[PDB]
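Numbering of ligands and ligand atoms starts at 1, following listing order. Chain letters run A, B, ... following the sequence lines, proteins first, then strands; residues in each count from 1.
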Protein chains: 4
Amino acid sequence: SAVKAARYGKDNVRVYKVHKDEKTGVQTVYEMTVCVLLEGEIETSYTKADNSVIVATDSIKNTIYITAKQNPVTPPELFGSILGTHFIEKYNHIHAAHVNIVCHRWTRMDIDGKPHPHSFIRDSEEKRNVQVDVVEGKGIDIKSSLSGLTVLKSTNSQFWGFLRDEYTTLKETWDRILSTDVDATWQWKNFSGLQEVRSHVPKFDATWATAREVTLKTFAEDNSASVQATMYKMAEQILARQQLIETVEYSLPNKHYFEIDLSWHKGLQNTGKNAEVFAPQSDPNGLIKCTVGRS
Amino acid sequence: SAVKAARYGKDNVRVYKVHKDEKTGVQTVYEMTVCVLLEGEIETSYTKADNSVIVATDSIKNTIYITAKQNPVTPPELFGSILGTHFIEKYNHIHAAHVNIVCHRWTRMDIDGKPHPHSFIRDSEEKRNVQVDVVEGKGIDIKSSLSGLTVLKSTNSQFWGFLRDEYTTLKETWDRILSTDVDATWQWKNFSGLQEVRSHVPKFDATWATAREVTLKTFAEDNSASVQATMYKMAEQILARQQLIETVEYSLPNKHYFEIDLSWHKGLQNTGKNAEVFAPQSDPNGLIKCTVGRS
Amino acid sequence: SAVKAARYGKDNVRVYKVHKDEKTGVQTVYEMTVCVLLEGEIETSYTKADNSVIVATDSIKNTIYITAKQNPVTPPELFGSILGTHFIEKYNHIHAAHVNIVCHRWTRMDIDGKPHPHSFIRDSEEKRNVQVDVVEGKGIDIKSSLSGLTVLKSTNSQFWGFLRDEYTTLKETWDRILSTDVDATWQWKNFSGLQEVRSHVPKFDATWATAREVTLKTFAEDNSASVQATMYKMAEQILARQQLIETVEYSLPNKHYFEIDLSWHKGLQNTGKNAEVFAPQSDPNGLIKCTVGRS
Amino acid sequence: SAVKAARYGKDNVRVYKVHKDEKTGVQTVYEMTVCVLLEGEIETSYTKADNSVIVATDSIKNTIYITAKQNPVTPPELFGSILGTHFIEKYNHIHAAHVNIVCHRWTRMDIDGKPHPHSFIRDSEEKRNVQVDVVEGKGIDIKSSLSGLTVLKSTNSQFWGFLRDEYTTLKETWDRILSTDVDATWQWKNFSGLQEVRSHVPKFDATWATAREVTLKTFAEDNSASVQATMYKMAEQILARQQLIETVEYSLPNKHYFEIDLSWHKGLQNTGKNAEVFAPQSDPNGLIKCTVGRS
Ligand SMILES: O=c1[nH]c(=O)c2nn[nH]c2[nH]1
Ligand SMILES: O=c1[nH]c(=O)c2nn[nH]c2[nH]1
Ligand SMILES: O=c1[nH]c(=O)c2nn[nH]c2[nH]1
Ligand SMILES: O=c1[nH]c(=O)c2nn[nH]c2[nH]1
Ligand SMILES: [Ar]
Ligand SMILES: [Ar]
Ligand SMILES: [Ar]
Ligand SMILES: [Ar]
Ligand code: NA
Ligand code: NA
Ligand code: NA
Ligand code: NA
């Protein structure tokens, strides 16, 4: 037997950082969950019980807190690139670092119409994520994402003209509920190293904001022919607005809301045009994916 | 052996309702999870296998959807009172109905600064809940609550002057992070029946909004001496603003953020005045409760 | 305003303890999650910012680890009673301690048909729980429970003869699937104090084992007329076997498995006697409770 | 813009099947959660709102229940291969089916030392999984796995001789707790099609049982030098026992149990040789992976 692939490190490292402006008194908080996995010349830890090649996972955890102390933690694309670069520069035998960051929302509170200097609310479990792969001699590959964005529209969704055969019971419809949890990933052009990531820093927050805005507006305004057709329109607009993105990937569940036939009870009308009360279905769910790139 | 207490019914009934304004084209959605448990002269179903006394839980589920079709589902205090009253009026041998409703957020989307007519976002897992107990000859008891409101302040929290003995390691502090998940319940005066609940309908949404606003403002502005002292100030203000509330109960976890001593690494200063990077603790957590009523 | 009720303490305290037999080399592990909440003369911490009455929740956490170091942690009824008694004896102004313990399974591994001296497996998320209320001058009240015991029988469950009216769609059946998650609680006679709890120590593990065995055998062997009727038979047998129990409470969800009509597809027969493939329903679920006590 | 990749289908399809032996009266239940995603000539559903290429996800769901009615559902490697093959044979424009199955435990109850004919218990959240990729002209690729197997050993784990630098605080140890949740995957040789999968049917259950037994015995008996070294010994033995496996992948969290220094309290000794009470850590956790293949 041989080791074909190996990676190890620390998962679920919770980090909070506060920035205090001495001038204004305004405080800004950042909270993330970090995972760092390393690869390199470590096979002998598996095959020969040779721990001399292991950077302890406890040390990786210490490194994350030290790196957060000495560097900006925003945008997460930059923090992840700094953290990944650290390992491949510090350790001769480590050739790849894989950094995953989940950013949690702490939104400044408005009290009496004024932004509060040091009070925050978690307005939704929506996340902003980054996956950073730092590979010796191959640069920095960054995938940015938003996830956990849960939306619903109560009309202006259709689904008709699909394949009908002896397995088909679904009725065609010209008016349904559409609800999903949005997972959207944009993959950046390969960066040569940290200097190039630093040169593009302003584009990271702006592209996240554009991806979010395009997703919400397209969902709200599209008279949707299908999840497939609406998600393609989203991906096409993101690629049009940011030339440094190579691909956009959406993964969308179709969270079903079923009509309830109440006609058995006193002829109550609750289907088609008369549908008011629906049963949200926990499972099963449609799952629709696509990856859109340049011609 | 004897049956000392018995209740049964249907839990986890998901309901969606849409309201369509024909004039404006504007649609409003409501989504809830409902539980109905009944009590009454049902002991023989347990002791003698006498199913003749059982209103099937499947029928309770049907009743919830029919009631939602024929009645307003907002405010939830009113819907729960209608649903509970139904069972004790329809079934001679049912003497109490217990209705629990969890209301899920569907917040209208703003697209290009305008409210969208039919598109919604789940802005946070915060819930608005109601517990309604309808008891034959004893009226309607309503407990209203908000839950899952997650907040953090990065300064203006203290904790000193507590009991110190041979079990104590905690250092006194004049500047810490305070973060909690707010669970707040207000208990209404007993109502004689549905006519009296209907007479107070406007107070339900207004009191929920006041409870939320008082919680957020007091949390943000109090230079907190303890969770205990801040939560009492919240409860006292709610009771002052709504005379039809008898009691206010808060249940608050103290979600700890620990300083990280980095002085072992190149004398890095990250404690006290120099604290920037903290470790959020998943467990354990402080849990602080109180119930505040009138003199 | 006045404080009507107040309790505070530490939740989610994870504890592991190992016992090492020097003779045999055999090791036994215990893992629990503990919550301790205190009550007493503490109103001024809420009303006057008087922290002098507060035993810090951090100190409660330290106390749990010290108590586990110096005492047996099994049976949990005894450990909880020791821990609760500690607070009301140590602190003059604390008059009640509320101790909740969840015990996690670590079952010794069998390797090559022999019990392993120091290797364990988590065989199911079933828990053994205790709730201990220690109240100055009122003794020790103990509720013991098992929870998370998930069972299914594929036949020998019926449900017919229930109330039928204009809300009813459910068909009567003489052969269905019955599946539940068992939550069973037995409430002990009030104990005068720790000496009396110690005098009954052997009864705690034996009664837990009897409750489990009676639940499993009755579920498996009863040709069930309803959840109501089967759960009553369980409670009646537990009360018959342990005279120091006052009440037994069961809380049982009815986890529905629905027939799937496939007759639309090539006349496939999959209902009634021909039912082979079913759709487990995640929600909604029946919820059936009862409390059984002595004549 | 262009579609670079697309797949869609139905997730979270819960299925139960019962087998009834008329001779013996013995019933056997199977419960799974199924996901089917399709790929093929479907780009126009995304780009042109052309639904004519879409096999509705609702139809995929119907197909899973019909396939379960007409075929064995065990071993899951066979069921997944039948289900995947169906789509690429039935639909000219579908060129790949991706089938994921999670099998839930329903273990026959022993009542009074005898196996019960129709009563089952969920003994742990351990799963048996299959991933089946059926690709037109490329055969059937099967990955089998077990997941959610949670184990702990209280001694006979060491970790010393790792890299020490200015980021390192971890002390070397010759005696620690080791606890993990095992995720183990074995990848079969490519199969030409369903006839070849059928020819190997007996090997699927036997290899699952061998993988489980090797994992448990190696964990229990290895005087572990590291997670890395113990997991390699597991993978090497599985590959030795089944020639039709190409690779074995383990993914193991290192679930930390920390010593608690109690020496501040009356000189209590609870570290090193005197360690009895530990604090299980929920996060962070080590994460160790490896893939082992043939020379
Ligand atoms: O078994 C282990 N492997 C590691 O890589 C490691 N790092 N810290 N502790 C550890 N334990
Ligand atoms: O056992 C049951 N009890 C009930 O109360 C019930 N109601 N519907 N189905 C049911 N099954
Ligand atoms: O606000 C607080 N209240 C308490 O009771 C406490 N105990 N430890 N820390 C604490 N903080
Ligand atoms: O938008 C949809 N896409 C699909 O692929 C589908 N299948 N069933 N319903 C559906 N809705
Ligand atoms: Ar969509
Ligand atoms: Ar608070
Ligand atoms: Ar039952
Ligand atoms: Ar291991
Ligand atoms: Na390197
Ligand atoms: Na009545
Ligand atoms: Na006392
Ligand atoms: Na094909």
Side-chain angles (χ1 to χ4, degrees), chain A residues 6-10 36-38 42 45-46 49-62, chain B residues 38-42 46 55 84-97 134-137, chain C residues 149 151-153 156-157 159 177-184 214-216 218-235 250-255 286 288-290, chain D residues 119 157-164 167-173 176-180 222 224-232 252-256 258 284-290:
Chain A
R7 63 181 62 183
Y8 83 100
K10 202 64 121 191
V36 175
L37 299 178
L38 305 182
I42 60 169
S45 62
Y46 296 87
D50 174 20
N51 292 339
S52 77
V53 299
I54 299 173
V55 177
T57 68
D58 191 77
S59 309
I60 294 169
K61 175 190 73 178
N62 290 337
Chain B
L38 305 182
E39 301 182 61
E41 291 176 49
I42 60 169
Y46 296 87
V55 177
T85 296
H86 166 86
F87 287 102
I88 63 153
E89 288 187 351
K90 176 78 199 185
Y91 302 105
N92 303 303
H93 67 301
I94 300 302
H95 303 312
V134 178
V135 178
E136 213 172 290
Chain C
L149 172 55
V151 295
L152 179 149
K153 67 190 306 191
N156 271 209
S157 171
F159 193 65
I177 296 157
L178 182 57
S179 184
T180 191
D181 307 318
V182 178
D183 194 325
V214 163
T215 296
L216 289 177
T218 302
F219 178 84
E221 289 182 347
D222 194 38
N223 202 301
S224 171
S226 66
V227 175
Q228 285 90 332
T230 298
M231 77 204 284
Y232 180 81
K233 293 182 193 189
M234 295 173 182
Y250 275 90
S251 178
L252 296 182
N254 190 3
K255 302 172 81 183
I288 317 307
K289 300 179 176 285
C290 158
Chain D
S119 298
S157 171
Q158 309 187 3
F159 193 65
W160 55 260
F162 50 89
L163 190 153
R164 303 193 73 80
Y167 294 91
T168 310
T169 57
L170 181 66
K171 297 190 192 319
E172 299 184 307
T173 191
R176 67 182 184 165
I177 296 157
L178 182 57
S179 184
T180 191
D222 194 38
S224 171
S226 66
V227 175
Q228 285 90 332
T230 298
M231 77 204 284
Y232 180 81
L252 296 182
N254 190 3
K255 302 172 81 183
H256 304 297
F258 284 177
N285 60 275
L287 180 56
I288 317 307
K289 300 179 176 285
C290 158

Taking heavy atoms and a distance under 4.0 Å, where does D:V227 meet ligand 1: side chain, backbone, both or neither? both
Kindly confirm whether the Na ion (ligand 10) is within less than 3.0 Å of some N/O/S atom in B:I94? yes
Taking the N/O/S atoms of B:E136 one by one, which is nearest to the Na ion (ligand 10)? OE1
Validation row: D:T180, D:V227 side chains within 4.5 angstrom (heavy atoms): no
D:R176 N/O under 3.5 Å from ligand 1 N/O: yes
Backbone or side chain, does B:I88 get an N/O/S atom under 3.0 Å to the Na ion (ligand 10)? yes
Regarding ligand 1, does A:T57 bring an N or O atom to under 3.5 Å of one of the ligand's N or O atoms? yes
Give me the ring orientation class for B:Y91 and B:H93: parallel if the planes are under 30° apart, tilted from 30 to 60°, perpendicular past 60°. perpendicular
How close does the nearest protein non-hydrogen atom get to atom 9 (N) of ligand 1, and which residue and atom is it? D:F159 CE2, 3.4 Å
Is a side-chain N or O of A:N51 found less than 3.5 angstrom from the main chain of D:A225, in a donor-acceptor match? yes
Using a 4.0 Å cut-off to any heavy atom of D:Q228, which atoms of ligand 1 qualify? 1 (O), 2 (C), 3 (N), 4 (C), 5 (O)
Near D:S226 (heavy-atom distance under 4.0 Å), the atoms of ligand 1 are 1 (O)
Please tell me whether D:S119 and C:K153 have a donor and an acceptor in their side chains that are separated by less than 3.5 angstrom. no
Please identify which atoms of ligand 1 are closer than 4.0 Å to at least one heavy atom of D:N254. 2 (C), 10 (C), 11 (N)
Are a donor atom and an acceptor atom from the side chains of A:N62 and D:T169 found within less than 3.5 Å of each other? yes
Counting from 1, what ligand 1 atoms have a heavy atom of A:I54 closer than 4.0 Å? 5 (O)
